[PDB]
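Worksheet: the structure to be examined is printed underneath.
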Amino acid sequence: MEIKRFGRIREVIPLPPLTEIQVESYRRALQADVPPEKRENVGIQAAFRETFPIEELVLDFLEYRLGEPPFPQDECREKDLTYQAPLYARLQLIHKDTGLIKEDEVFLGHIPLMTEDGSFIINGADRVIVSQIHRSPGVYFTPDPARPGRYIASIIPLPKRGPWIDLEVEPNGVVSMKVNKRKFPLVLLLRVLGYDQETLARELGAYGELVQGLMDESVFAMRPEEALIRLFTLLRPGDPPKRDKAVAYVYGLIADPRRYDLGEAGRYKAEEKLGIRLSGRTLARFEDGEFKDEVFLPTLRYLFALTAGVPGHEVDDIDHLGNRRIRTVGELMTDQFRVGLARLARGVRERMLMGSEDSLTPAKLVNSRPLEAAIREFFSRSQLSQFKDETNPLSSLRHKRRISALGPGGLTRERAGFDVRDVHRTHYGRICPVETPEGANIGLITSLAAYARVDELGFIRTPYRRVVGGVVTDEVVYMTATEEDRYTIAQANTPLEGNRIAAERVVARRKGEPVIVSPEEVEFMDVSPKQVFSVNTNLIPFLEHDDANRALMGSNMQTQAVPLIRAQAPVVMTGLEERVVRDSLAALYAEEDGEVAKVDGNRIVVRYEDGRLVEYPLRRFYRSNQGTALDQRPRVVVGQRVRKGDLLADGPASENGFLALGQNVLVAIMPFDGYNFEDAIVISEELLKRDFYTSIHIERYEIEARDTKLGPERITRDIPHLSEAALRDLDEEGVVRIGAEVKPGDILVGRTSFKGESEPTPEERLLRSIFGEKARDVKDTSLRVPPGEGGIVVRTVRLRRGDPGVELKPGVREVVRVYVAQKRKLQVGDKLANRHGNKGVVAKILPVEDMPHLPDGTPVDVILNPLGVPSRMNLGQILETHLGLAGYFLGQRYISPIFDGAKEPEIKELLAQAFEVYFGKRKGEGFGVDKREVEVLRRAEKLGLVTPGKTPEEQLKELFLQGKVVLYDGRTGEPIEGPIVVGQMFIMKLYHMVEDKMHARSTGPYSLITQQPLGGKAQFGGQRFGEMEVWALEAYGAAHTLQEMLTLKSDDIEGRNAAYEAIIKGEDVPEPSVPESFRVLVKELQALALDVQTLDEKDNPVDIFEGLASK
Amino acid sequence: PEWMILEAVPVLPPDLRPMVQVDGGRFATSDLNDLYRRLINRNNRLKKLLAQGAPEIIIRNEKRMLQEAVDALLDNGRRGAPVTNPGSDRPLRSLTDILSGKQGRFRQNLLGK
Amino acid sequence: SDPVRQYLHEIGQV
Amino acid sequence: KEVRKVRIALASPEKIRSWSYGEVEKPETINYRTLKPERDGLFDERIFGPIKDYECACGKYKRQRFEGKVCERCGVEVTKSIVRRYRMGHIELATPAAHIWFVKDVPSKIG
Amino acid sequence: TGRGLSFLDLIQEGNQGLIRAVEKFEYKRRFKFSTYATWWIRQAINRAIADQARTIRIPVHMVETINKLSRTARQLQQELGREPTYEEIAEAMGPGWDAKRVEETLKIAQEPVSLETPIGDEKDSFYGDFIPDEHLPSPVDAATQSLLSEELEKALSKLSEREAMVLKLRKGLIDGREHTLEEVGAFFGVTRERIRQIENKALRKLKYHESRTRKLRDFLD
DNA sequence: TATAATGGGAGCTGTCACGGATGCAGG
DNA sequence: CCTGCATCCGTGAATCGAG
Ligand SMILES: N=C(N)NCC(=O)N(O)[C@@H](CCC(N)=O)C(=O)NC[C@H]1O[C@@H](c2c[nH]c(=O)[nH]c2=O)[C@H](O)[C@@H]1O
Ligand SMILES: [Mg+2]
Ligand SMILES: [Mg+2]
Ligand SMILES: [Mg+2]
Ligand SMILES: [Zn+2]
């Protein structure tokens, strides 16, 4: 097939590595491939350097090292282990008095390593560490919401490191400073720094009526030490004002490099904002025996200059992406590594003063557990540590480019507000204005733009083409938001002849605001329209013709696309479809030029230019996190000569290197007997026949045989009181055979456990005595198939205890897992959707003869409702249908770049060329115009769609150019009374299927305290009848239906047992008793020492506990 | 009015503050148990400190801690700082937290089921 | 206010 | 008898003890080996009730024959185990403590 | 601090040890009081941490054993560059320690987890919400039990009232007590061998009734 | 059961708008 | 000394799913 593309825009630079925000960050934080002697001070190295040495015996740090993983990646996924590497640390114990030096290398545990694609493996599960976005450290000046002419000064350090400081001018004239919920005159703190009335008079004297409030004679009357003691009495009431104690607190609060830490970014931000330079990252210093100032004087200078109205002093936008930065995986892990290392340091200081003050070694003195616990905590129960989205390659790819404002140090959901949730002008090229969850996290969770990358300070930079005069240089400059605000940046689609600007008046941007400007005033230019949106948003063709809301849907749903077995690339692409499967490690390519030796379903062997033989094992039918089968398929034959970067094996959801999230189906936009009523969708049975929209899903079933005080749990083929018909597909060890078919109720793995000790009821004793069979010692607890599930067993993993290589958690004897897969065809209820935001469920599967069809006898695949189009305002799918139709008969695919894609007249041209193949075939076969085509044409020229008088061929062409063709109703044979738009549309099958969702429950598990039914399909729980549903019944006046829900159908124990008994006996349900949950309320209120009594009309106490609560 | 001060603090029935063994044979229990253990420990220690006799400074601090324990049980986080489990930042669930709140006994289990 | 600090104050008297 | 009213009021200490089936003296839960309720603990069966229906702790009384009969050796009454949901205990404080609800709810009732 | 007891709890326990130190002190030895006090103070604190920390209280000697196992496993993990096996710890522990006993000790040291443990990143879900009640009978259980009692009475009515009463007294359907042959013979007025004969005939009749009707078979469980 | 040791340690800072109680200076 | 305004602390902030 031929691939024709459009667009006049030549984008210089290709998109950066999409997973670079993960890999390049983590590696930069580790420096494991960097020689220890040549290591810089960052991440893990910076953590060791900042926590060392230990003062009081002196323990010092030399260098660290990381060994190789104890197990490979797939072995960790298999054995539920963690992908990590051993961490060793060179330490020398030095006695500050004796001079004794004892050196040793201690083991600190393991550190989780990042895979190639940028994810992790935590205890056998792929996990993605999502980057965090927060307010950059530094000094900001925000207008006081109370007093119009007064402003609030804020000094912000790194999260968890140091308190926030607020400088505010009070109505009483004096400037105040706020630290740790404590306010005091800033004058005192300035005095401690060694400042005098002289220095402040010459420095701040430029602004009158301001510094006089800073002037206080009672402050200068005391020495720096006295003022320091005075300040300590202010911050620490009740605590004895000892000199060295006050020094320790204040230094630790401000000048301490270890406790208080500005960001290296925040350091630069403060330097550029205050027009100064900072030696360290602390607000002050302890030098030559006293405190020396760094930050406080320039900040107070800027503050007073701001209040006075002095030019050159602005407020700060805190949603500005020049004041907002990103904490990647490396920095987040480093910060938690710093915390755990600090706790280890506390253990060191503690153990030095204990035990032998003479005989100690670095090994004895070190406890690795705090560090291990901290790292393990961050990689497990952290919020930013998420379950990897392995639905399709695009899912995980986007997941690694996610940006969260939540997590530790971030925003609480209630602390959010929609000021941060909005889009800023600085989001241009940096953060996608489209992609976001439409849930409660809208605005908080976002995706990174394509061409955007994150610099070392943590800010997001975007590329821009250099423009001097009229010439546009091929060089590119990545800029921050603050830097971008300086220049005038034109559009990417501005006319260029060669490297020279053609237009007389170009469209440009000055600080986000659009401006028509001359080419002589153009400083820079957009690299590409693609940089404005995320990766997913770039996969949507004709994006400029869609509403922003449905575009959000399209970007989000492409993440939800299940990899089909017959999945194919879209007929209308944007060009990034291949690159996605490139950056994502789904596909497989050749490292160098060479020839293919072997080709198999399991492996691909290739001989290169080097002569060396490289064998690539193929991942086949491996269950992902969501259940979507991930397998690689060979695309080369034996002896095929390939080159550098050529396709070897297509991964999941990939076709010839291109991304395949769905299938190209022949669609028809028309109402159909109300079966497409309200976003509903009608499909053809042919889609099931040739297995379109069919995908394989695997599910993991685990069971544990443990040690009980009542006796061991044994996995065996011996299960008491069972028929041989049920033990059919099991082997002799109790495991089901590989390849068998399992249905709900069947036994996957049989297991026996000894019965709990209990007097068998006299009925049971007699029953045993009658049947002449002694009661079995054990009891059946088998892993069976959950209702609504099943399939074919493809694998069985059996781990035990006593056998080599495997040791389970304490108490557990053997762990057995069963992998059951299934091929899922498209059925009524499953969710289909396109890239333009059009979504819906399959409401009907018509036989092929009922389906609306073409004059040549070709039936359409999908019937979409035209009513879904106008209100939703997404016309992209219309153009996709048009160009899809032209490409259907021409037999060629297309590439239509976003905003640079194909335009209508060119589509009309391709439609005309397709029409020649359509009708020219007919007239060549000796077939004239159909009589029904005549009537359709008549009603068409009454519709003003075709010009009257012209020959039917000319009219049919006039319709075909409009994208409309003549359709015949399969049920009648009569045509549709009008021409209908028909063409190929790229439609995906989403992850939401009725097979995963449909659930029903009669009776089941109840909670412990409340004794109400559980929730969810997984727990076989009941549906929640909220207080709103209670209102609905109340508003209706249905009392006995509501009383049912409140008692018999949920919380009433005696009532529900008698109810079930009544129904199976054919008897009517009994009168409902008092709910158990109210009894819980009564006793919980009694625990609060509050007497709650139920009474009658005689005001005499009524016992709802029936004597059980009274003595 | 003197009933607003407790001489005898009630104890909620065990099944309403259950200690159960889950599927894996591991144990899971309510926070109320840790709260009650806090109360009994500080109470019994006070009775011992009184019995053997102690300076009024020690007895005072023990009494103040007892009130802190009572508050923690009835309404945690109400007075000053919330009581937590070691290594955890999560405040224990008190009787007030169980009754009141959007996840409270009323809204979650009584007005809806 | 703060039980720990309060006990530390009651201790500093003796 | 039908319930027509619901009354809420302050619980007197004597009423609190009237609710209680015993004083919880020790902060023990269950034995670290037997996993059985520890005596005079928060889960003690002698106070709140039997774990097994119509069966005492030491297993001397296993049936419904004797009902209301208190085992002399173990100390646990033989009834339905459902009683462990409804039976209050108590703790006698050395120093009387203030119910925080009436202390901190503004305007303070005690204040 | 950080061992399971709050700061003030530790202080008060050290105050108890301080009281013990004062009463057990002898000034004749010229030792500064701080020297003799410190021992009793640490002793009281350590005893408190060993007693009050764990929700499931464990004897002090067993805690010392577990903590000894902790320092042992940590020593081995520090020298081997990985987490030790049960057998490796069993070796370094000395005699009387095998892999089985080590695993048992670890199983004992397992602490309970809170039922209020957060499920998800929202606050709308708890851990205990997913735990079913294994004690209280499901409606199916109660209905089956009632059906068994009814079907058994339907089966015992295929006998006479006397030969069914012998069985009802024998297996404990009535009164809830299983009687010997001497008591049933002391009631009906016949010899114990007559009672055992009647019970054999009754059980045998119930066997023939079962073989024909096929009713009680499903209740065999 | 004994050298002597004698006042802690980490804070979480970007919601908001309401009712009601406390406290302040002002007529 | 008693009214009025500033200010403090405590309380709320949709539903169902799954997790
Ligand atoms: N994941 C979510 N919530 N998507 C929302 C969604 O797809 N909807 O169609 C939403 C809003 C449209 C939008 N995308 O912003 C919607 O209107 N759904 C139809 C109905 O579903 C209900 C609903 C939807 N979304 C909510 O967050 N809360 C609701 O109550 C409403 O009763 C609403 O009328
Ligand atoms: Mg998590
Ligand atoms: Mg050994
Ligand atoms: Mg107000
Ligand atoms: Zn007994």
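Only the coordinates and a few stated rules stand behind these numbers; no lab work does. Because the Cβ atoms are built from the backbone with ideal geometry, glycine has one as well, and the counts that use them run over all protein chains shown.
Using a 7 Å offset from Cα along Cα-Cβ at E:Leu220, what residues in segment A:764-783 end up with backbone N under 17 Å from the label point?
A:764-780
By the gyration tensor of its Cα atoms, with a ≥ b ≥ c the square roots of the eigenvalues, what is the shape of segment A:300-456: rounded for a/c under 1.5, prolate for a/b over b/c, or oblate?
It comes out oblate by the Cα gyration axes.
Residues of segment A:507-546 with backbone nitrogen within less than 14 Å of a virtual label 7 Å along the Cα-to-Cβ line of A:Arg486, please, listed as ranges.
Counting only backbone N, you get A:511, A:523-524.
Loop-only GluC sites (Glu not before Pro) in segment A:690-776, please: DSSP not H, G, I, E or B, and at most 15 other Cβ atoms within 10 Å.
A:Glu724, A:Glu732, A:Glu733, A:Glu757, A:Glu773
Hey, how many Å between the Cα centroid of segment D:13-44 and the Cα centroid of segment E:17-43?
When both Cα centres are located, 36 Å separates them.
What does the average come to when, for each residue of peptide A:1094-1103, you count the partner chain Cβ atoms lying within 10 Å of its Cβ?
4
Multiplying the sequence separation of A:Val1030 and A:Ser356 by 0.36 nm and subtracting their Cα-Cα distance, what value in nm do you get?
Contour length minus the Cα-Cα distance gives 235.6 nm.
May I ask for the distance between the Cα centers of segment A:949-981 and segment A:431-471, given as a whole number of Å?
46 Å
Which number do you get for Rg(Cα) / (2.2 N^0.38 Å) in segment A:414-464?
After normalising by residue count via 2.2 N^0.38 Å, the value is 1.21.
If you look for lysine pairs in segment A:807-900 that are eight or more places apart or on different chains, how many of them have Cα atoms under 24 Å apart?
So the count works out to 7.
Below 8 Å between Cα atoms, with a sequence gap of 6+, how large is the relative contact order for chain E in percent?
Once divided by the residue count of chain E, the mean separation gives 10 percent.
Sorted by mean Cβ packing within 10 Å, highest first, what order do the peptides A:507-515, E:14-22, A:88-96 take?
Highest-to-lowest ranking by the protection proxy: E:14-22, A:88-96, A:507-515.
Using every pair of alpha-carbon atoms in segment D:1-40, split the distances into 10 Å bins beginning at 0 and state the percent of pairs per bin, rounded to integers.
In whole percents, the pair-distance histogram is 22, 26, 27, 19, 7.
Along the Cα-to-C-beta direction of B:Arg64, a point sits 7 Å from the Cα; which residues of segment A:219-261 have their amide N less than 17 Å from that point?
Once the point is set 7 Å along Cα→Cβ of B:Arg64, A:237-240 turn out to lie under 17 Å by backbone N, inside segment A:219-261.
Normalised by the number of residues in segment A:323-408, what is the relative contact order in percent for Cα pairs under 8 Å and 6+ residues apart?
Result for segment A:323-408 is 29 percent.
Starting from the Cα of A:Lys931, draw a straight line to each of the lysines and keep only those under 23 Å, dropping any in the same chain fewer than 8 residues away.
By straight Cα distance, A:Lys931 reaches A:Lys921, A:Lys923, A:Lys942, A:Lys950, A:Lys957, A:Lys964.
Using a basic spin-label model with each label point 7 Å from the Cα along Cα→Cβ, how many nm lie between A:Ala1038 and D:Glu23?
With each label placed 7 Å out from Cα toward Cβ, I get 5.5 nm.
At 7 Å along Cα-to-Cβ for each site, give me the label-to-label distance between A:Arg510 and D:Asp105 in nm.
Simple spin-label model gives 6.4 nm for this pair.
Principal axis extents for chain B, Cα atoms only, whole Å, descending order, please.
Rounded to whole Å, the extents work out to 53, 41, 27 Å.
Hey, how many Å between the Cα centroid of segment A:393-424 and the Cα centroid of segment A:303-348?
So the separation of the two Cα centres works out to 18 Å.
Calculate, in nm to one decimal, what A:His999 and A:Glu757 gain on full extension: separation in residues at 0.36 nm each, minus their alpha carbon distance.
83.6 nm
Among B:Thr96, B:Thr84, B:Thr29, whose mean-square fluctuation peaks in a Gaussian network model of chain B (Cα, cutoff 10 Å)?
B:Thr29
Looking at this model, which pairs from A:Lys1083/B:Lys48; E:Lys158/E:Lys205; A:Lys903/A:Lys989; A:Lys160/A:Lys292; E:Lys158/E:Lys215; A:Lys1049/D:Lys1 are more than 19 angstrom apart at the alpha-carbon?
Long pairs (Cα-Cα over 19 Å): A:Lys1083/B:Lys48; A:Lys903/A:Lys989; A:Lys160/A:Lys292; A:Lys1049/D:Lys1.
7 Å from Cα along Cα→Cβ at both B:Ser88 and A:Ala548: what's the point-to-point distance in nm?
A separation of 4.4 nm, rounded to one decimal place.
For A:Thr781 and A:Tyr249 in the same chain, what is the full-extension length gain: residue separation times 0.36 nm, less their Cα-Cα distance, in nm?
My answer for the length gained is 185.3 nm.
Cross-link candidates for A:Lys364: which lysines have Cα within less than 21 Å, leaving aside residues fewer than 8 places away along the same chain?
Leaving aside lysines fewer than 8 places away in the same chain, those within reach of A:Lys364 are A:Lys96, A:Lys102, E:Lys68.
Using a 10 Å cut-off around each Cβ of peptide D:37-48, what is the average number of partner chain Cβ atoms that fall inside?
Mean partner-chain Cβ count within 10 Å for D:37-48: 3.
Over the whole of B:57-64, what's the average partner chain Cβ count within 10 Å per residue? Rounded to a whole number, please.
Average neighbour count from other chains, rounded to a whole number: 6.
What are the semi-axes of the equivalent ellipsoid of the protein assembly as shown, taken as the square roots of 5 times the eigenvalues of the Cα gyration tensor, listed largest first and rounded to whole Å?
For the protein assembly as shown, the semi-axes come out at 60, 54, 34 Å.
Output needed: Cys residues of the protein assembly as shown lacking any neighbouring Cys C-beta below 4.7 Å, sorted by number.
So far as the 4.7 Å Cβ criterion goes, A:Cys76, A:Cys432 stand without a partner in the protein assembly as shown.
Okay, helix-only estimate at 222 nm for the protein assembly as shown: each DSSP H run of n ≥ 4 adds -39500 (n - 2.57), divide by all residues, round to 500 deg cm²/dmol; what do you get?
Helix contribution divided over all residues of the protein assembly as shown: -9000 deg cm²/dmol.
Reachable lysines from E:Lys32, Cα under 19 Å, same-chain residues fewer than 8 places away excluded?
Once the sequence-local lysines are set aside, what remains near E:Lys32 is E:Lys24.
How large is ³J(HN,Hα), in whole Hz, for each residue of segment A:1020-1031 in order, when computed from phi with the Karplus curve 6.51 cos²θ - 1.76 cosθ + 1.60 and θ = phi - 60°, using x for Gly and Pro?
After applying 6.51 cos²θ - 1.76 cosθ + 1.60, I find 6, x, x, 7, 6, 9, x, 5, 6, 5, 5, 4 Hz.
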